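Shown next, in structure tokens, is the structure this report addresses.
There are 2 protein chains.
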Amino acid sequence: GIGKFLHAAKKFXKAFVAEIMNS
Amino acid sequence: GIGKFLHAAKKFXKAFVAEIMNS
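Quick mapping for you: the protein sequence lines, in order, are chains A and B.
For the first sequence, position 4 matches number 4 in our numbering, and the numbering has no gaps at all.
To convert, take the position in the second sequence, counting from 1, and add 23; that gives our numbering.
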């Protein structure tokens, strides 16, 4: 049940961290 | 960056809501 949600949460971790580190 | 982050954030809104309404 939770796999799509967990994956999406991890991608939303990665994207935020990429945004802040972009500069 | 910001566009990818906003997209991922909203996909993670959608994915949560899809799963949680099963409860």
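Beta carbons: idealized from backbone N, C-alpha and C, even for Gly.
Can you name the start and end residues of the alpha helix (DSSP H) that residue 48(B) belongs to?
Because chain B spans 24 through 46 in this model, residue 48(B) falls outside it and cannot be assessed.
By the three-class DSSP mapping on this structure, what secondary structure does residue 44(B) have?
coil
Less than 8 Å separating the beta-carbons of residue 28(B) and residue 16(A)?
yes
Between the C-alpha atoms of residue 2(A) and residue 42(B), what's the straight-line distance to the nearest angstrom?
7 Å
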